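*Asks:* For reference, the structure I am asking about is given below.
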Amino acid sequence: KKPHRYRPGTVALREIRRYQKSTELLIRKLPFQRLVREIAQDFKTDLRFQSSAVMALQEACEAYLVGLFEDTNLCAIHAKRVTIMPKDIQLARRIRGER
Amino acid sequence: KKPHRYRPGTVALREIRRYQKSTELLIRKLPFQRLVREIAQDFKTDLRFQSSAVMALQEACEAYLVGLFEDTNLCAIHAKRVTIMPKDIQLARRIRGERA
Amino acid sequence: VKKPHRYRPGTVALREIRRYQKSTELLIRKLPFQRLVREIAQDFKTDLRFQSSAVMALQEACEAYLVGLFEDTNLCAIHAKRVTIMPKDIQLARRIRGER
Amino acid sequence: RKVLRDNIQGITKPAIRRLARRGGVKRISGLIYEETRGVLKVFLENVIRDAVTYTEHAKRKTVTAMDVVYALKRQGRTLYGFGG
Amino acid sequence: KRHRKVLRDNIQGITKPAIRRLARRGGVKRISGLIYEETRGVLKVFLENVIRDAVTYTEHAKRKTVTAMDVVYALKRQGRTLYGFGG
Amino acid sequence: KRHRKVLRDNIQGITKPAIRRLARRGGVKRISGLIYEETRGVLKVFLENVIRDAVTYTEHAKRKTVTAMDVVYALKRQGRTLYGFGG
Amino acid sequence: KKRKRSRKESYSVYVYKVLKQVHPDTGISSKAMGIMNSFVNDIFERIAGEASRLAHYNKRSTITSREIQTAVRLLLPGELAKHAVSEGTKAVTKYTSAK
Amino acid sequence: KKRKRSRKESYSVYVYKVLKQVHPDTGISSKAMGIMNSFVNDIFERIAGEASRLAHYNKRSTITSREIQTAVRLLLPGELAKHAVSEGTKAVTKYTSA
Amino acid sequence: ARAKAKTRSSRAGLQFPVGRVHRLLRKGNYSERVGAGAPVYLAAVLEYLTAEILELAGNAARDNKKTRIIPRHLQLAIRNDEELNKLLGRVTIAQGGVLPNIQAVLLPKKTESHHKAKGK
Amino acid sequence: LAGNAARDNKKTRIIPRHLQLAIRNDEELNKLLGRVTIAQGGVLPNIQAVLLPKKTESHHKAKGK
Numbered sequence: 036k037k038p039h040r041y042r043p044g045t046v047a048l049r050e051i052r053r054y055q056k057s058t059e060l061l062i063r064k065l066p067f068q069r070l071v072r073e074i075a076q077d078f079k080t081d082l083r084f085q086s087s088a089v090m091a092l093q094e095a096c097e098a099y100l101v102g103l104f105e106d107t108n109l110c111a112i113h114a115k116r117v118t119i120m121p122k123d124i125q126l127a128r129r130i131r132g133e134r
Numbered sequence: 036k037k038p039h040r041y042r043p044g045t046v047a048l049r050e051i052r053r054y055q056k057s058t059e060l061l062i063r064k065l066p067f068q069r070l071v072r073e074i075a076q077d078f079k080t081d082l083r084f085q086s087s088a089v090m091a092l093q094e095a096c097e098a099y100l101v102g103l104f105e106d107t108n109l110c111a112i113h114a115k116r117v118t119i120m121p122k123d124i125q126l127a128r129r130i131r132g133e134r135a
Numbered sequence: 035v036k037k038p039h040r041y042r043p044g045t046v047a048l049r050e051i052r053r054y055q056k057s058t059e060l061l062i063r064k065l066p067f068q069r070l071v072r073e074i075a076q077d078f079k080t081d082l083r084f085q086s087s088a089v090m091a092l093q094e095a096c097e098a099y100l101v102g103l104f105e106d107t108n109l110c111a112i113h114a115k116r117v118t119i120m121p122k123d124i125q126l127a128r129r130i131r132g133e134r
Numbered sequence: 019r020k021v022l023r024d025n026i027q028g029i030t031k032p033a034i035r036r037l038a039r040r041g042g043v044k045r046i047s048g049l050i051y052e053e054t055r056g057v058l059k060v061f062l063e064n065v066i067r068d069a070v071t072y073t074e075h076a077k078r079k080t081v082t083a084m085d086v087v088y089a090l091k092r093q094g095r096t097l098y099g100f101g102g
Numbered sequence: 016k017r018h019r020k021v022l023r024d025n026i027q028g029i030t031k032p033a034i035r036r037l038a039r040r041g042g043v044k045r046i047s048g049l050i051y052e053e054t055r056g057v058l059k060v061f062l063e064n065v066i067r068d069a070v071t072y073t074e075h076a077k078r079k080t081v082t083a084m085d086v087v088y089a090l091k092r093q094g095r096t097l098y099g100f101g102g
Numbered sequence: 016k017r018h019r020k021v022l023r024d025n026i027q028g029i030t031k032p033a034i035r036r037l038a039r040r041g042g043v044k045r046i047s048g049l050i051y052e053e054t055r056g057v058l059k060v061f062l063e064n065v066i067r068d069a070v071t072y073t074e075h076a077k078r079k080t081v082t083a084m085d086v087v088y089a090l091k092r093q094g095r096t097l098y099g100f101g102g
Numbered sequence: 024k025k026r027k028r029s030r031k032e033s034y035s036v037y038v039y040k041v042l043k044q045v046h047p048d049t050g051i052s053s054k055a056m057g058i059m060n061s062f063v064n065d066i067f068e069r070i071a072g073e074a075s076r077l078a079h080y081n082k083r084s085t086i087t088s089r090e091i092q093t094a095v096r097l098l099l100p101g102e103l104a105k106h107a108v109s110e111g112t113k114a115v116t117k118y119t120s121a122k
Numbered sequence: 024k025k026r027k028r029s030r031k032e033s034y035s036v037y038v039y040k041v042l043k044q045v046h047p048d049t050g051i052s053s054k055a056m057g058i059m060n061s062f063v064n065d066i067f068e069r070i071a072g073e074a075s076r077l078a079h080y081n082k083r084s085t086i087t088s089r090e091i092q093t094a095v096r097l098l099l100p101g102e103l104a105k106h107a108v109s110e111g112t113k114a115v116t117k118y119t120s121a
Numbered sequence: 010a011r012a013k014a015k016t017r018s019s020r021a022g023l024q025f026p027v028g029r030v031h032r033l034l035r036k037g038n039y040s041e042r043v044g045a046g047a048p049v050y051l052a053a054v055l056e057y058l059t060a061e062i063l064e065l066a067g068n069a070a071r072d073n074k075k076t077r078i079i080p081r082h083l084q085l086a087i088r089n090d091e092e093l094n095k096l097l098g099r100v101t102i103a104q105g106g107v108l109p110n111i112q113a114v115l116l117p118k119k120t121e122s123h124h125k126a127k128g129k
Numbered sequence: 065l066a067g068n069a070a071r072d073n074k075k076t077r078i079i080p081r082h083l084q085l086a087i088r089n090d091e092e093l094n095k096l097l098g099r100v101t102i103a104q105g106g107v108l109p110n111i112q113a114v115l116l117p118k119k120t121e122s123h124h125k126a127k128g129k
């Protein structure tokens, strides 16, 4: 029997290094194709989306989200904590000015 | 009383007298079938409404609305005005206690 | 030297709406409210003897309904552009509330 | 003696203002003082006639605090505190 | 086939004349112009509140059909008490 | 005639693994439990805002299709210029 | 229905007999039976309802005649109370003599 | 004659203990114990008063957890319903798996 | 024999009693047979709601610089909330008070009043 | 929305400050003029609650209990 259970928080450092070195999108295309379709229904119905329009919306949306999480992390390391939490996300948005 | 014109506000007194003496529902049945169906989608999907359920909802919803108007009217005649307006509806709801 | 700083009508009444709204005591005097409760109970059953905690649970519920009909007669006297509560306001609040 | 007039002239003019300056009113007309003695003798009649009915049911001659907490609860204005 | 579902135009389904016939039974004589949007706000909150309690009883019985003795059992709690269209 | 589900994907597909893959690119080491509902509230107020300006350009040309040059034109106004997805 | 179906209970036969005593040669529509049958089944759940609570406060375990007399005194209004507390005692008097 | 004063029963030890977990420094004056026993005896009356109607309307004879849960979904307002239904579900789950 | 035992409340980890909400639910004639999964659910919904009158109140006692949750501090926490003022919305709290509010039109702002001898 | 904030402060002229107390309150007009700086505006009154006087009570060691 070899449990080989790496201690908590050491599998993730290997995960961070491998993920930061590749460019493939991390949210699946079929589910995202629908979230845009639902948020478009209210503005007008009978709107037909070309293939590129869903792709651009995926690259901008991943990029806003990747960033908010590098600023939430910077705020967490300030309070002496090492983990992101719900309260930290709201200091980053008040300071950046989005409100 | 040339049929061409009756002075403003005299056709309506004939309308009030005739309307208060009959009981037929005043909102059309096919459009109100839909408002209930749209409101139901959020609470659950695959809900099937028996014929009576949309009838009761019509005879309660008309009754809440007929009432708010009589209380809005009482408030309007207080300020010396003779017409209902948007502001008057809100005083009736704060006093009755519904809005909070 | 004939200036006792006589306050203009309206500055000794906004320094009392602000000292009575921040306190928890009871405004009505206790002994004159131990005779209204007894005169109104000498007509239903003669010789009824009230306890000492039930002549205070009636004061605290007849001083919290009056301070609740004076915030619905100061939202109806500001709808006709007046600042003075008048006896035709207390009568309107009751008809809409349901207590006529 | 419970002189009828004295009992109702008991809610005096100063205390029909200080019970109303706790609501926001800034100017009070002269006739408010008469109407507001009328609406506190048709409220006590209703609360003190439904505390007598419970008291008679238990064959007692004292109107306890719990009975008033059960008269107020029926008419829609529960009181929390002076009772259990 | 029926390749369409009910959009949200329904709240404007109450027409401008219908709110002028449920207010002439009320005694109103000169309805003002802005009232029509407000009366589609007061009806809109009410129809949801009878509805949420109506669905909550049906899901208790694990059925899929909202029968009228469910509307009548929801309308009693909120305040009214329809007598008639139900048992 | 109609997909029985009308949920239009209710902020779904952003499953715990996807939000634990985007955060790890960021640098986050120990994501806390409540973040997942919040990060489905921030994505939501963004996908709507690029969209409201995107439809507003298409209705101006009267066409019924939202082409990618419309999304690149909307994204410049808010503040982030995507380079090349549409060109 | 009649496929081994259940049988409902209605106070509709009884209401017709009362209509005959007060006003002879007059009839009721079936829509007007529905409003009346509900009232007879709503006054039952308010007059009986106050009786249950009255029994518990006192500590006693039985809802006897005195309790349905205090409920009629409190729930009903002014002169439809004196005329109904009196009517009921007369029927209890007769039953005590014979059953 | 005999002593044996009827022993009054109140949920007042339990209110002091919840004050201690939520805030470890404050203390409740006697009147607040009175305005708190009444709250606990009022929400209990509403939740077991809509459960009994629900048990009878759908012909049935027992109040199981689902019935005491339909009431919380109806009597409590908007947000407090979602948090409370979850808080109970975690607490019953621990009971069965123990 | 028969072993030794511990409170039912501890077994489910709830502070509020779970053996006293079974007697009070069965001796009030609410229903004939009480399920055994219902006393535990109803001793948790009361406890969650107890903290809603014990935490918002305490936070309003520090703000007035006192160490006891007296009767008024209970009103300033059940009348300043939007989901606890729609449940306890008819209840009157003994020896409480009113929440401070003065409608804006009344506040002194007549701006010289006017109508007097032309202040011009 | 600026004149209505001049009666409240008891003056008959809409001076530069009364312009900030009207464009820094309304949500539609503070999301359009949200970067602009008024010439002598000042600031809108706000003291965060955590630092208000005492509150947690400055007793510290509080020797005794």
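Chains as they are written, first to last, in the deposited numbering: chain K, 36 to 134; chain E, 36 to 135; chain A, 35 to 134; chain B, 19 to 102; chain F, 16 to 102; chain L, 16 to 102; chain D, 24 to 122; chain H, 24 to 121; chain G, 10 to 129; chain M, 65 to 129.
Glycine included, every Cβ here is placed at the ideal spot set by N, Cα and C.
Determine, using beta carbons only, whether G:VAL27 and G:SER19 come nearer to each other than 7 Å.
*Replies:* Taking 7 Å as the Cβ cut-off, G:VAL27 and G:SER19 do not qualify as a contacting pair.
*Asks:* Going by the DSSP bridge assignment, what does E:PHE84 pair with across the sheet?
*Replies:* F:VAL81.
*Asks:* For G:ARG42, which residues does DSSP report across the bridge?
*Replies:* Answer is H:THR85.
*Asks:* Leaving aside the five residues before and after K:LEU82 along the sequence, list all residues of the same chain whose C-beta is less than 6 Å from its C-beta, in chain order.
*Replies:* Excluding sequence neighbours, K:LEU82 sits near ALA75.
*Asks:* Using a Cβ-Cβ distance under 7 Å, would A:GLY44 count as near chain G?
*Replies:* Yes, contact with chain G.
*Asks:* Closest by CA to K:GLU73, which one among L:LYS59, L:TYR51, L:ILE50?
*Replies:* Comparing Cα positions, the closest option is L:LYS59.
*Asks:* Cα separation between F:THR80 and D:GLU68?
*Replies:* Their Cα atoms are separated by approximately 27 Å.
*Asks:* Mind checking whether E:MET90 and F:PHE100 have CB atoms under 7 Å apart?
*Replies:* It is a contact, given that the beta carbons lie within the stated cut-off.
*Asks:* Hey, how far is the Cα of K:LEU92 from the Cα of E:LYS79?
*Replies:* Using only the alpha carbons, I get a separation of about 30 Å.
*Asks:* Using C-beta distances below 7 Å, list every residue in its chain close to G:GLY67, excluding the 5 sequence neighbours before and after it, in chain order.
*Replies:* The answer, listed in chain order, is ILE78.
*Asks:* Output yes if chain L places a C-beta closer than 7 Å to the C-beta of F:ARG17; else output no.
*Replies:* Yes, F:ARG17 lies at the interface with chain L (some Cβ there is under 7 Å from its Cβ).
*Asks:* Assuming K:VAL101 and L:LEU37 form a contact by the criterion Cβ under 8 Å, report the distance between their Cβ atoms to the nearest whole angstrom.
*Replies:* The pair is a contact, with the Cβ atoms about 6 Å apart (cut-off 8 Å).
*Asks:* Please list the terminal residues of the continuous alpha helix (DSSP H) segment that includes A:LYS36.
*Replies:* Looking at the DSSP string, A:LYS36 is not in any alpha helix (DSSP H), and its letter there is neither H nor E.
*Asks:* Just checking, does the stretch 52-66 of chain L make contact with the stretch 24-32 of chain L on the three C-beta pairs under 8 Å criterion?
*Replies:* Counting Cβ pairs under 8 Å, three or more are found: they touch.
*Asks:* Going straight from the alpha carbon of B:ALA83 to that of E:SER57, what length do you get?
*Replies:* Their Cα atoms are separated by approximately 51 Å.
*Asks:* Spatial neighbours of D:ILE86 within its chain, please: CB distance less than 6 Å, with the 5 preceding and 5 following residues excluded, ordered by chain position.
*Replies:* These residues qualify, in order along the chain: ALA74, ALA78.
*Asks:* Rounded to the nearest angstrom, what separates L:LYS44 and H:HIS46 at their Cα positions?
*Replies:* Taking the straight line from one Cα to the other gives about 32 Å.
*Asks:* Does DSSP put L:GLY28 in a helix, a strand or coil?
*Replies:* Here L:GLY28 sits in coil by DSSP.
*Asks:* For chain E, find out if any of its Cβ atoms is closer than 7 Å to the Cβ of A:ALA114; answer yes or no.
*Replies:* With 7 Å as the cut-off, A:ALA114 counts as an interface residue toward chain E.
*Asks:* Quick one: residues in its chain with C-beta nearer than 8 Å to the C-beta of A:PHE104, no 5 flanking neighbours on either side, listed in chain order?
*Replies:* Here the set comprises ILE119.
*Asks:* Please report the residue range of the alpha helix (DSSP H) in which A:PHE67 lies.
*Replies:* Here the alpha helix (DSSP H) through A:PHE67 covers 67-73.
*Asks:* With which residues is B:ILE46 paired in a DSSP beta bridge?
*Replies:* BP columns for B:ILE46 point to A:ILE119.
*Asks:* Pull up the CB-CB distance for M:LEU108 and M:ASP90, whole angstroms please, since I reckon it's below 8 Å.
*Replies:* Contact flag wrong, Cβ pair sits at about 12 Å.
*Asks:* Measuring only between beta-carbons, confirm whether G:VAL30 sits less than 7 Å from chain B.
*Replies:* By this cut-off, G:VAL30 is not an interface position.
*Asks:* Mind listing the chain D neighbours of B:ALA69? Cutoff is C-beta to C-beta under 7 Å, in chain order.
*Replies:* Here the premise fails: no neighbours, minimum Cβ distance about 11 Å.
*Asks:* Just to make sure I have the definition right: I need the residues of chain H whose C-beta is within less than 9 Å of the C-beta of B:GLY102. Which are they?
*Replies:* Result: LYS31, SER33, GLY57, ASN60, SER61, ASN64.
*Asks:* In this structure, what does DSSP give as the bridge partners for H:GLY50?
*Replies:* Per DSSP, G:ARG77.
*Asks:* Return the CA-CA distance between G:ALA60 and H:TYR39, expressed in angstroms with no decimal places.
*Replies:* Their Cα atoms are separated by approximately 11 Å.
*Asks:* Looking at the strands, I want to know which residues DSSP matches up with B:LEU97.
*Replies:* In the DSSP output, where bridge partners are listed per residue, B:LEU97 has G:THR101.
*Asks:* Check the C-beta distance from H:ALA114 over to G:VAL100 and give it rounded, since I have them as a contact under 8 Å.
*Replies:* The pair is not a contact, with the Cβ atoms about 27 Å apart (cut-off 8 Å).
*Asks:* Identify the contact partners of F:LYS44 in chain E, using a Cβ-Cβ distance below 9 Å as the criterion.
*Replies:* The contacting residues are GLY44, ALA47, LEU48, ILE51, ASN108, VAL117, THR118, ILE119.
*Asks:* From what residue to what residue does the alpha helix (DSSP H) around A:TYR99 run?
*Replies:* Note, A:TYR99: premise wrong, no alpha helix (DSSP H); not H, not E.
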